[PDB]
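Working through the structure, step by step
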Protein chains: 6
Amino acid sequence: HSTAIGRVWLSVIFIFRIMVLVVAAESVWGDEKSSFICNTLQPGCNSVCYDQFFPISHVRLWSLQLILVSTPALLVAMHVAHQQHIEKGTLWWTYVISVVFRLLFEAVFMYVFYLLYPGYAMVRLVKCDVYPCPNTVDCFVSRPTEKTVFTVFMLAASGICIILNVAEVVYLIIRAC
Amino acid sequence: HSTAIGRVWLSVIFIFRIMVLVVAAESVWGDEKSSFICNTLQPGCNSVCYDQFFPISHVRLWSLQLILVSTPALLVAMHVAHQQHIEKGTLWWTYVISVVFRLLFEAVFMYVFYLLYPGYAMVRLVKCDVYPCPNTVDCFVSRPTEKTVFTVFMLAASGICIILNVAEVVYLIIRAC
Amino acid sequence: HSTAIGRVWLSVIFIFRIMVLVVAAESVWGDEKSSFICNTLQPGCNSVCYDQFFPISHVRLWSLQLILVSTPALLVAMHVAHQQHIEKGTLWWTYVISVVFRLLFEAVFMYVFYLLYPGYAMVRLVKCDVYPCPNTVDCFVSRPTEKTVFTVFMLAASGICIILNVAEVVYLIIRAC
Amino acid sequence: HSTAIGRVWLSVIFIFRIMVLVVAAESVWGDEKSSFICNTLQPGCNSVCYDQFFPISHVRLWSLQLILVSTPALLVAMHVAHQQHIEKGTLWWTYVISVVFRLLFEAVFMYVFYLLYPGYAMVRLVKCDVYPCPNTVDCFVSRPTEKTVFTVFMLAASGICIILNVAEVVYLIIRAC
Amino acid sequence: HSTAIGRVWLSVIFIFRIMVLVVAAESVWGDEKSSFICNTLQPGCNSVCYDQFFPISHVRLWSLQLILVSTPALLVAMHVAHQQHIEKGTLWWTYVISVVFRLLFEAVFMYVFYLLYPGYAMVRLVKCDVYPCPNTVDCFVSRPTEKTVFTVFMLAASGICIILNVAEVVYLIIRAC
Amino acid sequence: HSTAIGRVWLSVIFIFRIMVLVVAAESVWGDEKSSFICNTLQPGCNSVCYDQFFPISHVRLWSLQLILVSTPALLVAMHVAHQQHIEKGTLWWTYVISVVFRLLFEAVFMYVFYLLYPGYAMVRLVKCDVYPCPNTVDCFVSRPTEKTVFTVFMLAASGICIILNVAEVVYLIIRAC
């Protein structure tokens, strides 16, 4: 019932994103806070500086994005199961709405990533002047390069997903006409 | 036998809550106590201050809420299985009672969350004057911003669940009349 | 073959107890010993004080109670399978004996909990004077409030199980007469 | 083909032992070495004293005992599967030999437990004079009381298994005559 | 439909690589950063030196390589499932393209491994002069020999995979002619 | 198609080895490096001494041995599946070659174990004079006795496997004649 190009490629990219996120969360981001250390004797400086520079981790943002993108499909599948229960083209329009919602969810999460972390690259040293840290202190980020590489992978996959969703919408519209 | 709107949407929101809780418990709240540090030399100040400011963690409250909400459905399913065994509209009234009980459980857990943690936001610094901490000491909370974001997500999902349960009850009453 | 009220409610409460124990063991009681600290310079004081005040953890007692309660049912199921193998009301009396044994196991574990930990509430500070700790030292318990809440939940569930088992026995006796 | 009393009771006790061992290994014995501390400034004293007083942990001995007891049954099942393949009372004698081997394995492991750890109870303080510890030093054992309780449980279960195996052998001999 | 030699040998080598990577990631590379220590009093020297000498771990590179190699096959299987859905030699050419893409992915990952880590062997001591480390400091790598052995295993397996893919392409071309 | 004695006994011993390795890896060898401490103030001495005395852990060697022994059987099973696909005594000779390869893999791993760790027993104290450790320092090995016991178990099982493989080859040759 769905288009040929859409489902297969979207599922493959989604599985790739899930695998990459699993690897990165299991390994790369495990000690992002425990090994985060600042050059100071001020108690509590490490925690406040980490909170200031990492309001929410990249892994958590990616997990939330994947969940939000998935629940359209779960809702559509539940509605299809309910239709089957009733049995014992509004479905097409519902599928279009779900695809559109997935596209907006991806775009919103990309914009949030841009707002929170301008730039894909992660730096080794950050300057933190948040209370109670006196003046400005230097803090050091765990595995900036590996995190940058995984961030690039996730952003490229998300952009590919966005383009694929747009192409799927265009193809479905052409099918309608 | 049940209403069209209710089961699908409630199940989707419940699965979303489960996924969010799994992510947050696995990652965000893991080091809520180990990295909780106060600015003092008093032994035992950290533990008593953490206990005073976090009588029970947000993750544990959400887990208890999900279990309490779930066991109505488990009890109804067990009763249905027992009815099937007997085979080898009291069921409708039992379903209404279970939905009502789920609604009250959600409302009670929301009220408990309001009582224990007034306000969704978590602060970086807390003032603790609990024995044996001398005078008032400053203590620093791990990942206040990420915890605030996840708390907002869970509260919004719980409110949506409450509204959906109320709408389901109203729809079932309209069906009765 | 069994009573209507008994099996469903007992299974629901048992599953609730299992879920609560899983959550508490995974989260609440993980650092009960590592974060247990006393105010002293005496080596080995922490370990002996923890052993004196926690001969066996609440989680371990609950796990042992659940296993002991379960093995009646496992033995009855194995005997039923053996009867099926023989095929290729002594069963009723065996079921009554198993229910009675479960009731006594619950009562004995409740009495043991009363003996070891008089009172549901857990205190923040304990006074320990066990060798080699000099005079009396103060030791601080991790998460007393959350542990108290979970203890209350488990005790209420166990009491409900005891009452349900007694009611099941009475109903079965009435069926006999 | 087997006796009525034997298989069911032996399987129930074996499952009980497995559950108890799982709980104890997951929880009780996790920090047996990390929290093992001696009252000395000598480097390496903790490790040598722990090795001297715990050549092999109770959990590891129980795991080895369970594996050794199990592999008779696994070998018998594999031989039965091979007989089925051949199809596409030597079996009785093989079953007797397997039961006898299980009985000797249980007895040997009980004797090893007696040799290594005379007495079920675990003490809080041990006196260690192993090189390079100077003179005699005091070392403190983690959770002696809980370990003693679990040791008592495992020893009682093992003794019940031994008695059950002996009774099964006697019953099978009576069947032969 | 596929060649005799290719699928079986490629699957066996892929499973071998997966098993080796699982073992190494679980055990060898767990403490690559936590036990990475430099001989200095400069705060943050350890983290920057580890980032400089390990931009991305060997385990993460191998995981990414395996995922990238796998997704060709997953995409081909999804396309085959879509063809089956349509049912309710373009496939040959698609299989050739997927095999070619796997070969290039293996070659690119081998070249990346050569660029990042010239030489299979890992050294015990590295010289790090990255800010803020003053002058040049010595840092010590955890388990260089075991990591070297596992690196040799993975590189040999990857080379065997490359040769097997080339042979499969040649055999398929010969089949075409 | 295979011999009666071979498959059953080899599978039983292989499963026993897998279980023992799982237990030992989960428990005994977990802190082989973290608790490895030398008597010195030299930074990096612990890591270089551990690398010098443990180039690769016993658990990792056993895991590699089991994987290498297994992949013959996996390759043979894959070839059998391919033969089944073709359907939709070269197999005997392939089975002999696989058994021979397993025997050589076991022998080679035994020889490697002899080379790396002469003697089954593990000592408490080792003398390390590897740079940058000044002169000779004493280092202490975690759980030498338990590791020795598990090493003896694994070596005995491996020797039994070697003898069983040789006997299987002899029996198959006798079958050929």
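Time to look at the sheet that holds strand β1 (residues 37-38) of chain E. Residues and elements named next belong to chain E. Taken in spatial order, the three strands make up an open sheet running β1-β3-β2, and their pairing is antiparallel. Pairing within the sheet leaves two strands with one partner each, and these edge strands are β1 and β2 (125-128). Sheet analysis places β2 next to strand β3 (residues 137-140), joined by four bridges and oriented antiparallel. Pairing of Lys 127 across the sheet is with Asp 138, part of β3.

Take the interface of chain B and chain C next. Interface size is commonly expressed as the accessible area that is lost once the parts come together. Tallying the contact residues gives 29 residues for chain B and 30 residues for chain C. The interface formed by chain B and chain C holds three salt bridges in total. Two residues, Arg 124 of chain C and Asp 51 of chain B, come together in a salt bridge whose shortest N-O distance is 2.8 Å. Viewed at the interface, chain C and chain B are joined by ten residue pairs in polar contact. Those elements that provide at least two residues to the side of chain B that touches chain C are α2 (45-53) and α3 (58-87) of chain B. The biggest single contributor to the side of chain B that touches chain C is α3 of chain B, with 13 residues.

Residue and element names in this part refer to chain C. Mapping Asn 46 onto the fold places it in helix α2 (residues 45-53). Expressed as a C-alpha distance, the spacing of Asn 46 and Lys 33, which sit 13 residues apart in the sequence, is 8.6 Å. Not counting residues within four places of it along the chain, the set of residues in contact with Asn 46 comprises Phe 36, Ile 37 and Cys 38.

Within a sheet, each strand pairs with its neighbour through backbone hydrogen bonds, oriented either parallel or antiparallel. The antiparallel open sheet is built from three strands, whose spatial order is β1-β3-β2 (chain A). Edge positions in the sheet fall to β1 (37-38) and β2 (125-128) of chain A, since each has one partner strand and no second.

On to helix α3 (residues 58-87) of chain C. Look at α3 of chain C: 44 Å from first C-alpha to last across 30 residues, which is about the 44 Å you get at 1.5 Å a residue. For α3 of chain C, the principal kink sits at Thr 71 of chain C and spans about 25 degrees; a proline, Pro 72 of chain C, occurs within the next four residues.

A word on unusual backbone geometry. A cis geometry characterises the amide bond from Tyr 131 of chain C onward to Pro 132 of chain C, with omega recorded as 5 degrees. By the secondary structure assignment, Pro 132 of chain C is in the loop between β2 (125-128) and β3 (137-140). The phi dihedral of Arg 143 of chain A falls on the positive side, at around 50 degrees, and the residue is not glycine. Mapped onto the elements, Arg 143 of chain A comes out in the loop between β3 (137-140) and α5 (144-176). On the basis of relative accessible area, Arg 143 of chain A is assigned to the buried category, the value being 6%. With phi around 55 degrees, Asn 135 of chain E is a residue other than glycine that occupies positive phi space. On the basis of relative accessible area, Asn 135 of chain E is assigned to the exposed category, the value being 69%.

Thresholds applied
Residues numbered from 1 in each chain as written, not as in the entry; some residues may be left out. Chains lettered and ligands numbered in written order. Part of a larger assembly, values for the part shown. Heavy atoms only, no water. Pairing = 2+ DSSP bridges. Helix = DSSP H or I, 4+ residues; strand = E, 2+ residues; numbered from the N terminus. Contact = heavy atoms within 4.5 Å. Salt bridge = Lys/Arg side-chain N within 4 Å of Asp/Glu carboxyl O. Polar contact = N/O pair within 3.5 Å; in protein donor to acceptor, adjacent residues only side chain to side chain. Expected span 1.5 Å × (residues − 1). Bend = angle between axes of the 7 residues up to and from the residue. Buried < 20%, exposed > 50% of the residue type's maximum accessible area, 1.4 Å probe, protein only.

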